[PDB]
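So this one's model-v2.json, JSON, C-alpha atoms and all ligand atoms:
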[["chain", "number", "residue", "atom", "x", "y", "z"],
["A", 1, "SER", "CA", -14.19, 31.27, -199.18],
["A", 2, "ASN", "CA", -16.66, 28.45, -199.87],
["A", 3, "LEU", "CA", -19.06, 30.20, -202.28],
["A", 4, "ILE", "CA", -20.34, 29.14, -205.73],
["A", 5, "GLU", "CA", -21.70, 31.54, -208.37],
["A", 6, "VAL", "CA", -24.71, 30.08, -210.25],
["A", 7, "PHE", "CA", -27.55, 31.34, -212.47],
["A", 8, "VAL", "CA", -31.30, 31.22, -211.78],
["A", 9, "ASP", "CA", -32.93, 32.23, -215.11],
["A", 10, "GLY", "CA", -29.60, 33.97, -215.94],
["A", 11, "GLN", "CA", -29.38, 35.94, -212.67],
["A", 12, "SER", "CA", -26.28, 35.72, -210.44],
["A", 13, "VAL", "CA", -26.58, 34.21, -206.93],
["A", 14, "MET", "CA", -23.92, 33.13, -204.38],
["A", 15, "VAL", "CA", -24.52, 29.85, -202.49],
["A", 16, "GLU", "CA", -22.83, 27.57, -199.93],
["A", 17, "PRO", "CA", -21.56, 24.18, -201.27],
["A", 18, "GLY", "CA", -23.92, 21.31, -200.39],
["A", 19, "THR", "CA", -27.15, 23.32, -200.77],
["A", 20, "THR", "CA", -29.98, 21.99, -202.96],
["A", 21, "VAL", "CA", -31.51, 23.55, -206.12],
["A", 22, "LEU", "CA", -34.62, 24.64, -204.16],
["A", 23, "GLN", "CA", -32.44, 26.29, -201.47],
["A", 24, "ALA", "CA", -30.66, 28.35, -204.17],
["A", 25, "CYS", "CA", -34.00, 29.44, -205.70],
["A", 26, "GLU", "CA", -35.26, 30.64, -202.28],
["A", 27, "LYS", "CA", -32.38, 33.17, -202.20],
["A", 28, "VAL", "CA", -33.55, 35.14, -205.28],
["A", 29, "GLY", "CA", -37.30, 34.89, -204.49],
["A", 30, "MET", "CA", -38.42, 31.90, -206.59],
["A", 31, "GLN", "CA", -40.57, 29.12, -205.10],
["A", 32, "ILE", "CA", -40.81, 25.77, -206.92],
["A", 33, "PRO", "CA", -44.07, 23.81, -206.19],
["A", 34, "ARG", "CA", -43.36, 21.00, -203.69],
["A", 35, "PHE", "CA", -44.95, 18.10, -201.75],
["A", 36, "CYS", "CA", -42.21, 16.12, -199.94],
["A", 37, "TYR", "CA", -39.67, 18.83, -199.06],
["A", 38, "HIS", "CA", -39.92, 20.65, -195.73],
["A", 39, "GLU", "CA", -37.62, 23.18, -194.02],
["A", 40, "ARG", "CA", -37.32, 21.15, -190.78],
["A", 41, "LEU", "CA", -37.70, 17.61, -192.21],
["A", 42, "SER", "CA", -35.28, 15.52, -194.31],
["A", 43, "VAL", "CA", -35.06, 15.20, -198.13],
["A", 44, "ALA", "CA", -36.90, 12.62, -200.25],
["A", 45, "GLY", "CA", -37.64, 12.60, -203.99],
["A", 46, "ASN", "CA", -41.01, 10.82, -203.72],
["A", 47, "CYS", "CA", -43.71, 12.83, -205.57],
["A", 48, "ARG", "CA", -41.39, 14.27, -208.28],
["A", 49, "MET", "CA", -43.23, 17.62, -208.57],
["A", 50, "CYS", "CA", -40.31, 20.01, -207.92],
["A", 51, "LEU", "CA", -38.94, 19.26, -211.42],
["A", 52, "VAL", "CA", -36.81, 22.08, -212.83],
["A", 53, "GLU", "CA", -34.93, 21.88, -216.14],
["A", 54, "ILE", "CA", -31.31, 23.03, -216.33],
["A", 55, "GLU", "CA", -30.03, 23.65, -219.89],
["A", 56, "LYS", "CA", -27.71, 21.19, -221.73],
["A", 57, "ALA", "CA", -29.27, 18.13, -220.04],
["A", 58, "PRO", "CA", -31.47, 15.29, -221.46],
["A", 59, "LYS", "CA", -33.41, 14.57, -218.22],
["A", 60, "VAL", "CA", -35.16, 16.94, -215.79],
["A", 61, "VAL", "CA", -33.84, 16.77, -212.19],
["A", 62, "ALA", "CA", -35.78, 17.35, -208.95],
["A", 63, "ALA", "CA", -35.11, 20.36, -206.69],
["A", 64, "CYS", "CA", -34.96, 18.03, -203.65],
["A", 65, "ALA", "CA", -32.19, 15.70, -204.84],
["A", 66, "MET", "CA", -29.46, 17.58, -206.74],
["A", 67, "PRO", "CA", -26.76, 19.58, -204.89],
["A", 68, "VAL", "CA", -25.64, 22.74, -206.73],
["A", 69, "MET", "CA", -22.17, 22.55, -208.32],
["A", 70, "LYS", "CA", -20.30, 25.12, -210.47],
["A", 71, "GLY", "CA", -21.96, 26.56, -213.60],
["A", 72, "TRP", "CA", -25.69, 25.82, -213.84],
["A", 73, "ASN", "CA", -28.37, 27.90, -215.59],
["A", 74, "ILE", "CA", -31.57, 26.80, -213.81],
["A", 75, "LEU", "CA", -34.57, 27.52, -216.06],
["A", 76, "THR", "CA", -37.85, 27.72, -214.11],
["A", 77, "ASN", "CA", -40.09, 28.98, -216.94],
["A", 78, "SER", "CA", -38.95, 26.86, -219.91],
["A", 79, "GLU", "CA", -41.13, 24.78, -222.28],
["A", 80, "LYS", "CA", -40.20, 21.46, -220.61],
["A", 81, "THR", "CA", -40.48, 22.64, -216.96],
["A", 82, "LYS", "CA", -44.09, 23.79, -217.53],
["A", 83, "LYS", "CA", -44.96, 20.45, -219.21],
["A", 84, "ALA", "CA", -43.33, 18.54, -216.31],
["A", 85, "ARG", "CA", -45.42, 20.35, -213.67],
["A", 86, "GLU", "CA", -48.64, 19.98, -215.72],
["A", 87, "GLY", "CA", -47.93, 16.26, -216.27],
["A", 88, "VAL", "CA", -47.33, 15.10, -212.67],
["A", 89, "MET", "CA", -50.28, 17.19, -211.36],
["A", 90, "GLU", "CA", -52.58, 15.13, -213.62],
["A", 91, "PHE", "CA", -51.05, 11.92, -212.20],
["A", 92, "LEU", "CA", -51.49, 13.14, -208.59],
["A", 93, "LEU", "CA", -55.20, 13.89, -209.12],
["A", 94, "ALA", "CA", -56.07, 10.83, -211.25],
["A", 95, "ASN", "CA", -56.38, 8.64, -208.14],
["A", 96, "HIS", "CA", -57.66, 11.24, -205.64],
["A", 97, "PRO", "CA", -61.34, 11.51, -204.54],
["A", 98, "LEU", "CA", -63.71, 14.46, -205.15],
["A", 99, "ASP", "CA", -63.85, 15.47, -201.48],
["A", 100, "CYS", "CA", -63.25, 19.27, -201.36],
["A", 101, "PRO", "CA", -66.72, 19.95, -199.83],
["A", 102, "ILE", "CA", -66.38, 17.14, -197.21],
["A", 103, "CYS", "CA", -62.65, 17.86, -196.68],
["A", 104, "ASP", "CA", -61.58, 19.43, -193.38],
["A", 105, "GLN", "CA", -58.89, 21.44, -195.21],
["A", 106, "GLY", "CA", -60.27, 24.16, -197.50],
["A", 107, "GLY", "CA", -58.11, 27.03, -198.78],
["A", 108, "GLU", "CA", -55.05, 25.78, -196.85],
["A", 109, "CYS", "CA", -54.78, 22.67, -199.09],
["A", 110, "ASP", "CA", -51.52, 22.32, -201.06],
["A", 111, "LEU", "CA", -53.11, 20.31, -203.90],
["A", 112, "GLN", "CA", -55.73, 23.04, -204.48],
["A", 113, "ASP", "CA", -53.38, 26.06, -204.61],
["A", 114, "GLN", "CA", -50.82, 24.31, -206.84],
["A", 115, "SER", "CA", -53.19, 22.61, -209.33],
["A", 116, "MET", "CA", -54.93, 25.92, -210.09],
["A", 117, "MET", "CA", -51.66, 27.78, -210.81],
["A", 118, "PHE", "CA", -49.24, 25.12, -212.13],
["A", 119, "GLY", "CA", -51.50, 22.22, -213.20],
["A", 120, "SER", "CA", -53.69, 21.93, -216.31],
["A", 121, "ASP", "CA", -57.26, 23.29, -216.56],
["A", 122, "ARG", "CA", -58.84, 19.94, -217.59],
["A", 123, "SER", "CA", -57.98, 16.26, -217.04],
["A", 124, "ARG", "CA", -57.76, 13.51, -219.69],
["A", 125, "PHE", "CA", -58.94, 10.96, -217.06],
["A", 126, "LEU", "CA", -61.94, 8.73, -217.93],
["A", 127, "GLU", "CA", -61.96, 5.60, -215.71],
["A", 128, "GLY", "CA", -60.18, 4.46, -212.53],
["A", 129, "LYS", "CA", -60.03, 6.08, -209.05],
["A", 130, "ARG", "CA", -58.70, 3.84, -206.25],
["A", 131, "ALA", "CA", -60.39, 3.68, -202.83],
["A", 132, "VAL", "CA", -58.50, 3.22, -199.55],
["A", 133, "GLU", "CA", -59.94, 1.75, -196.33],
["A", 134, "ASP", "CA", -59.54, 4.33, -193.53],
["A", 135, "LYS", "CA", -57.62, 3.40, -190.37],
["A", 136, "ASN", "CA", -58.56, 4.82, -186.95],
["A", 137, "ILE", "CA", -55.21, 6.18, -185.74],
["A", 138, "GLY", "CA", -56.37, 8.09, -182.64],
["A", 139, "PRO", "CA", -59.09, 10.20, -180.94],
["A", 140, "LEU", "CA", -56.92, 13.32, -181.48],
["A", 141, "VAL", "CA", -56.17, 12.80, -185.20],
["A", 142, "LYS", "CA", -58.92, 11.98, -187.72],
["A", 143, "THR", "CA", -57.51, 9.86, -190.55],
["A", 144, "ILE", "CA", -59.02, 9.48, -194.03],
["A", 145, "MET", "CA", -56.31, 7.72, -196.06],
["A", 146, "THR", "CA", -58.35, 7.85, -199.31],
["A", 147, "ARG", "CA", -57.17, 11.46, -199.87],
["A", 148, "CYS", "CA", -53.50, 10.67, -199.08],
["A", 149, "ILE", "CA", -51.13, 11.24, -202.02],
["A", 150, "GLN", "CA", -48.47, 8.83, -200.60],
["A", 151, "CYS", "CA", -45.98, 11.69, -200.37],
["A", 152, "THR", "CA", -44.01, 10.19, -197.43],
["A", 153, "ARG", "CA", -43.72, 13.18, -195.06],
["A", 154, "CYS", "CA", -45.63, 11.96, -191.98],
["A", 155, "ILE", "CA", -43.66, 8.67, -192.09],
["A", 156, "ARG", "CA", -40.42, 10.71, -191.94],
["A", 157, "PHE", "CA", -41.92, 12.91, -189.18],
["A", 158, "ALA", "CA", -42.75, 9.96, -186.89],
["A", 159, "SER", "CA", -39.34, 8.32, -187.50],
["A", 160, "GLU", "CA", -36.78, 11.16, -187.46],
["A", 161, "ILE", "CA", -38.21, 13.89, -185.18],
["A", 162, "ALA", "CA", -41.10, 12.37, -183.16],
["A", 163, "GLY", "CA", -39.15, 9.09, -182.79],
["A", 164, "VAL", "CA", -42.17, 6.79, -182.33],
["A", 165, "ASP", "CA", -41.88, 4.57, -185.47],
["A", 166, "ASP", "CA", -45.45, 3.44, -186.30],
["A", 167, "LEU", "CA", -46.27, 4.80, -189.78],
["A", 168, "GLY", "CA", -44.93, 2.99, -192.87],
["A", 169, "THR", "CA", -45.61, 2.12, -196.51],
["A", 170, "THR", "CA", -47.33, -1.26, -197.04],
["A", 171, "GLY", "CA", -47.89, -2.67, -200.54],
["A", 172, "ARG", "CA", -46.93, -1.80, -204.13],
["A", 173, "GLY", "CA", -48.34, 0.41, -206.93],
["A", 174, "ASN", "CA", -51.85, 1.78, -206.38],
["A", 175, "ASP", "CA", -52.45, -0.52, -203.40],
["A", 176, "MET", "CA", -50.19, 1.31, -200.94],
["A", 177, "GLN", "CA", -51.55, 2.23, -197.51],
["A", 178, "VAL", "CA", -49.82, 4.80, -195.30],
["A", 179, "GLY", "CA", -50.15, 4.02, -191.57],
["A", 180, "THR", "CA", -49.74, 1.39, -188.86],
["A", 181, "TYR", "CA", -50.27, -2.22, -189.99],
["A", 182, "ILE", "CA", -51.08, -3.63, -186.52],
["A", 183, "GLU", "CA", -54.00, -1.17, -185.94],
["A", 184, "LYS", "CA", -52.23, 0.32, -182.89],
["A", 185, "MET", "CA", -53.69, 3.40, -181.17],
["A", 186, "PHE", "CA", -51.03, 6.01, -181.99],
["A", 187, "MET", "CA", -50.82, 8.55, -179.16],
["A", 188, "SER", "CA", -47.59, 10.36, -178.23],
["A", 189, "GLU", "CA", -46.04, 13.84, -177.89],
["A", 190, "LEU", "CA", -45.98, 16.14, -180.98],
["A", 191, "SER", "CA", -48.91, 14.14, -182.45],
["A", 192, "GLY", "CA", -50.87, 17.40, -182.90],
["A", 193, "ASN", "CA", -48.25, 18.54, -185.43],
["A", 194, "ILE", "CA", -48.71, 15.66, -187.91],
["A", 195, "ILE", "CA", -52.04, 17.31, -188.89],
["A", 196, "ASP", "CA", -50.04, 20.38, -190.02],
["A", 197, "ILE", "CA", -47.22, 18.33, -191.60],
["A", 198, "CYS", "CA", -49.64, 16.63, -194.04],
["A", 199, "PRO", "CA", -50.15, 18.93, -197.08],
["A", 200, "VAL", "CA", -53.49, 17.33, -198.05],
["A", 201, "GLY", "CA", -56.72, 16.54, -196.15],
["A", 202, "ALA", "CA", -55.57, 13.04, -195.15],
["A", 203, "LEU", "CA", -54.62, 13.90, -191.55],
["A", 204, "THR", "CA", -56.81, 16.36, -189.63],
["A", 205, "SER", "CA", -57.73, 17.37, -186.05],
["A", 206, "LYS", "CA", -60.63, 15.31, -184.65],
["A", 207, "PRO", "CA", -61.53, 17.75, -181.79],
["A", 208, "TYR", "CA", -61.67, 20.64, -184.30],
["A", 209, "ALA", "CA", -63.26, 18.51, -187.08],
["A", 210, "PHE", "CA", -65.67, 20.95, -188.78],
["A", 211, "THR", "CA", -66.20, 24.55, -187.66],
["A", 212, "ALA", "CA", -64.72, 27.04, -190.16],
["A", 213, "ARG", "CA", -62.77, 27.20, -193.43],
["A", 214, "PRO", "CA", -59.18, 28.67, -193.52],
["A", 215, "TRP", "CA", -60.34, 31.80, -195.41],
["A", 216, "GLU", "CA", -63.26, 32.46, -193.01],
["A", 217, "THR", "CA", -61.32, 32.65, -189.72],
["A", 218, "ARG", "CA", -59.29, 35.80, -188.95],
["A", 219, "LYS", "CA", -55.74, 34.98, -187.81],
["A", 220, "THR", "CA", -54.18, 36.49, -184.67],
["A", 221, "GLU", "CA", -50.66, 35.99, -183.27],
["A", 222, "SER", "CA", -50.24, 34.92, -179.62],
["A", 223, "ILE", "CA", -47.79, 33.13, -177.29],
["A", 224, "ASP", "CA", -49.15, 29.83, -175.94],
["A", 225, "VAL", "CA", -49.45, 29.47, -172.15],
["A", 226, "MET", "CA", -49.51, 26.29, -169.97],
["A", 227, "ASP", "CA", -46.20, 25.19, -171.56],
["A", 228, "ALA", "CA", -42.58, 25.53, -170.40],
["A", 229, "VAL", "CA", -41.02, 26.34, -173.80],
["A", 230, "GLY", "CA", -43.72, 28.90, -174.72],
["B", 1, "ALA", "CA", -119.38, 46.91, -230.99],
["B", 2, "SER", "CA", -116.48, 44.54, -230.21],
["B", 3, "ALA", "CA", -116.39, 42.68, -233.56],
["B", 4, "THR", "CA", -112.89, 42.60, -235.10],
["B", 5, "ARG", "CA", -114.02, 42.92, -238.76],
["B", 6, "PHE", "CA", -115.40, 46.48, -238.47],
["B", 7, "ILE", "CA", -112.75, 47.66, -235.95],
["B", 8, "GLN", "CA", -109.78, 46.59, -238.16],
["B", 9, "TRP", "CA", -111.02, 49.03, -240.84],
["B", 10, "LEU", "CA", -111.03, 51.93, -238.31],
["B", 11, "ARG", "CA", -107.49, 51.33, -236.94],
["B", 12, "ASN", "CA", -106.11, 51.02, -240.50],
["B", 13, "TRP", "CA", -107.85, 54.29, -241.50],
["B", 14, "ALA", "CA", -106.62, 56.44, -238.59],
["B", 15, "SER", "CA", -102.94, 57.11, -239.49],
["B", 16, "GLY", "CA", -100.74, 54.34, -240.92],
["B", 17, "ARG", "CA", -101.25, 50.70, -241.92],
["B", 18, "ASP", "CA", -101.86, 48.21, -239.08],
["B", 19, "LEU", "CA", -103.85, 44.89, -239.22],
["B", 20, "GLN", "CA", -100.79, 42.62, -238.79],
["B", 21, "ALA", "CA", -98.49, 42.79, -235.71],
["B", 22, "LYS", "CA", -100.84, 43.38, -232.75],
["B", 23, "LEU", "CA", -100.28, 45.17, -229.41],
["B", 24, "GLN", "CA", -100.34, 41.86, -227.48],
["B", 25, "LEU", "CA", -98.71, 39.81, -230.31],
["B", 26, "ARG", "CA", -98.33, 36.58, -228.28],
["B", 27, "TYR", "CA", -100.70, 34.21, -230.12],
["B", 28, "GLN", "CA", -98.65, 31.98, -232.45],
["B", 29, "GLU", "CA", -94.98, 30.83, -232.53],
["B", 30, "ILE", "CA", -94.51, 31.22, -228.75],
["B", 31, "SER", "CA", -92.79, 28.01, -227.61],
["B", 32, "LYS", "CA", -93.62, 26.96, -224.04],
["B", 33, "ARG", "CA", -91.21, 24.74, -222.03],
["B", 34, "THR", "CA", -88.49, 25.85, -224.54],
["B", 35, "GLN", "CA", -87.36, 22.59, -226.23],
["B", 36, "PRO", "CA", -86.49, 18.87, -225.72],
["B", 37, "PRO", "CA", -83.25, 18.44, -223.62],
["B", 38, "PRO", "CA", -80.28, 19.63, -225.77],
["B", 39, "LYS", "CA", -76.54, 18.81, -225.77],
["B", 40, "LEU", "CA", -74.17, 21.77, -225.34],
["B", 41, "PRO", "CA", -71.10, 21.61, -227.65],
["B", 42, "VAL", "CA", -67.48, 21.66, -226.43],
["B", 43, "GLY", "CA", -64.82, 24.15, -227.59],
["B", 44, "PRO", "CA", -61.20, 23.64, -228.78],
["B", 45, "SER", "CA", -60.47, 21.75, -225.51],
["B", 46, "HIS", "CA", -62.22, 18.62, -224.04],
["B", 47, "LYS", "CA", -60.88, 16.39, -226.84],
["B", 48, "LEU", "CA", -57.61, 14.88, -225.55],
["B", 49, "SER", "CA", -54.02, 15.13, -226.95],
["B", 50, "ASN", "CA", -52.15, 18.44, -227.48],
["B", 51, "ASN", "CA", -54.24, 20.26, -224.83],
["B", 52, "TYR", "CA", -51.31, 21.67, -222.82],
["B", 53, "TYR", "CA", -51.57, 24.95, -220.88],
["B", 54, "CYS", "CA", -48.02, 25.67, -222.14],
["B", 55, "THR", "CA", -49.59, 26.41, -225.55],
["B", 56, "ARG", "CA", -52.74, 28.02, -224.08],
["C", 1, "LIG", "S1", -56.96, 17.39, -200.09],
["C", 1, "LIG", "FE1", -57.33, 19.36, -201.20],
["C", 1, "LIG", "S2", -57.84, 18.73, -203.34],
["C", 1, "LIG", "FE2", -58.05, 16.86, -202.03],
["C", 1, "LIG", "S3", -60.27, 16.82, -201.45],
["C", 1, "LIG", "FE3", -59.17, 17.93, -199.77],
["C", 1, "LIG", "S4", -59.32, 20.14, -200.35],
["C", 1, "LIG", "FE4", -59.83, 18.93, -202.22],
["C", 2, "LIG", "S1", -50.82, 11.07, -194.90],
["C", 2, "LIG", "FE1", -50.24, 13.15, -195.68],
["C", 2, "LIG", "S2", -48.07, 13.43, -195.02],
["C", 2, "LIG", "FE2", -48.53, 11.19, -194.83],
["C", 2, "LIG", "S3", -47.85, 10.30, -196.84],
["C", 2, "LIG", "FE3", -50.08, 10.78, -197.05],
["C", 2, "LIG", "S4", -50.12, 12.89, -197.96],
["C", 2, "LIG", "FE4", -48.00, 12.57, -197.14],
["C", 3, "LIG", "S1", -41.22, 17.93, -203.42],
["C", 3, "LIG", "FE1", -39.28, 17.38, -204.38],
["C", 3, "LIG", "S2", -39.73, 15.31, -205.08],
["C", 3, "LIG", "FE2", -41.60, 15.80, -203.98]]
Could you spell out this file's structure in structure tokens?
Amino acid sequence: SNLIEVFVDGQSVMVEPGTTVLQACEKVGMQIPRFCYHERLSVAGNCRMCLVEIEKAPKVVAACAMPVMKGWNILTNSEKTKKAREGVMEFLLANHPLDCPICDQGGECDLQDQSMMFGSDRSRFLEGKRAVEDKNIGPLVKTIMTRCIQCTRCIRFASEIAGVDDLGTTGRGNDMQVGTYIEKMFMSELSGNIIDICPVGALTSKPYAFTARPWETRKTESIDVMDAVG
Amino acid sequence: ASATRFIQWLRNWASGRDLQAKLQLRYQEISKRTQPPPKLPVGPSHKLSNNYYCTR
């Protein structure tokens, strides 16, 4: 009654038709490294990190794009899948500044956790590194666009859910700046969520700025007051 | 007497051969400030091509 039997590393799993490769892997317990995909946001194949090789295929498909059909043996720990993750990680960090001490995000950073586990130990890189002029977005959100990995997640956030339409890609190749072209002071509702949407230290809270690192502060669960929804 | 010539005969006489290898023994071949700045060699990595973590 609308269920497809497919294999993740040779293990049987039942899924609804229309679901993505990453959605099927979440059912068994697997988690493919990602940068664009979000549970609440839409689907885009920008970064091409969530590469997972399915057998009897010449090219490796992304976990974002492909919907699961009948009869697929998704191999997560094959020789080509490991080389795909190690490859793109080196491309992502070739044009990204050495800012981990001056970065507002510490242990929470998505680039840090993934590059240690999935990426290579050393980089081939010798010469390059692009530098991006920072744009003052608002007094609530500090913006250093040098660290941005042009993942296109905040642009989708402002367009589809926030519904403000200010952020956008301008330029081609290396010279691509994420943000408002007209230098407009972006202030609206849900603007304090775009700091949490961004996986890297490109967008961060200006009132918080620098106080503690993610690992240093002890987390405690509470319901927020002074709000109707709670 | 504090003269080394006569004393060296006494210490050699009283059980076992001495003369060489003193108690202090920090006179010659003790290099101060170690050496001129050296270059530390790299292992089987560092040199590019076929340096995948899939193999390692
Ligand atoms: S975004 Fe992550 S990897 Fe990049 S400088 Fe900040 S902490 Fe380091
Ligand atoms: S600012 Fe952050 S969320 Fe926006 S495109 Fe860059 S990395 Fe992605
Ligand atoms: S996370 Fe799937 S393409 Fe970027």
Which is closer to residue 53 in chain B than all the others in A:152, A:120, A:12, A:31, using all atoms listed in the file? A:120
Which centre and edge lengths in Å to one decimal define the box along x, y and z that fits every listed atom of ligand LIG 2 (chain C) plus 4 Å per side, as JSON?
{"center_x": -49.3, "center_y": 11.9, "center_z": -196.4, "size_x": 11.0, "size_y": 11.1, "size_z": 11.1}
Residues of chain B within 9 Å of chain A, using only C-alpha atoms, as a PyMOL selection string? chain B and resi 45-49+51-54
Skip range 175-179 of chain A itself and residues of its chain fewer than 3 positions away, then list as a count of residues only all residues within 12 Å of it, counting only C-alpha atoms. 42
What does the list of residues within 10 Å of ligand LIG 1 (chain C) look like if you count all atoms listed in the file, written as a PyMOL selection string? chain A and resi 92-93+96-115+146-149+198-203
Long-range neighbours of range 6-11 of chain A as a ChimeraX atom specification, 10 Å cut-off, all atoms listed in the file, 5 positions minimum in chain: /A:21,24-25,27-28,30,54,68-78
Give as a PDB file with C-alpha atoms, in the frame of the given file the residues surrounding ligand LIG 3 (chain C) up to a distance of 9 Å, considering only C-alpha atoms and all ligand atoms.
ATOM      1  CA  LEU A  22     -34.620  24.640-204.160  1.00  0.00           C
ATOM      2  CA  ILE A  32     -40.810  25.770-206.920  1.00  0.00           C
ATOM      3  CA  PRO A  33     -44.070  23.810-206.190  1.00  0.00           C
ATOM      4  CA  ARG A  34     -43.360  21.000-203.690  1.00  0.00           C
ATOM      5  CA  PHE A  35     -44.950  18.100-201.750  1.00  0.00           C
ATOM      6  CA  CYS A  36     -42.210  16.120-199.940  1.00  0.00           C
ATOM      7  CA  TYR A  37     -39.670  18.830-199.060  1.00  0.00           C
ATOM      8  CA  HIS A  38     -39.920  20.650-195.730  1.00  0.00           C
ATOM      9  CA  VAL A  43     -35.060  15.200-198.130  1.00  0.00           C
ATOM     10  CA  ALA A  44     -36.900  12.620-200.250  1.00  0.00           C
ATOM     11  CA  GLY A  45     -37.640  12.600-203.990  1.00  0.00           C
ATOM     12  CA  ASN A  46     -41.010  10.820-203.720  1.00  0.00           C
ATOM     13  CA  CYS A  47     -43.710  12.830-205.570  1.00  0.00           C
ATOM     14  CA  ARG A  48     -41.390  14.270-208.280  1.00  0.00           C
ATOM     15  CA  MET A  49     -43.230  17.620-208.570  1.00  0.00           C
ATOM     16  CA  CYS A  50     -40.310  20.010-207.920  1.00  0.00           C
ATOM     17  CA  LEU A  51     -38.940  19.260-211.420  1.00  0.00           C
ATOM     18  CA  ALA A  62     -35.780  17.350-208.950  1.00  0.00           C
ATOM     19  CA  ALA A  63     -35.110  20.360-206.690  1.00  0.00           C
ATOM     20  CA  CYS A  64     -34.960  18.030-203.650  1.00  0.00           C
ATOM     21  CA  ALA A  65     -32.190  15.700-204.840  1.00  0.00           C
ATOM     22  CA  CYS A 151     -45.980  11.690-200.370  1.00  0.00           C
ATOM     23  CA  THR A 152     -44.010  10.190-197.430  1.00  0.00           C
TER      24      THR A 152
END
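One finds CA of residue 117 in chain A at 26.9 Å from CA of residue 19 in chain A.
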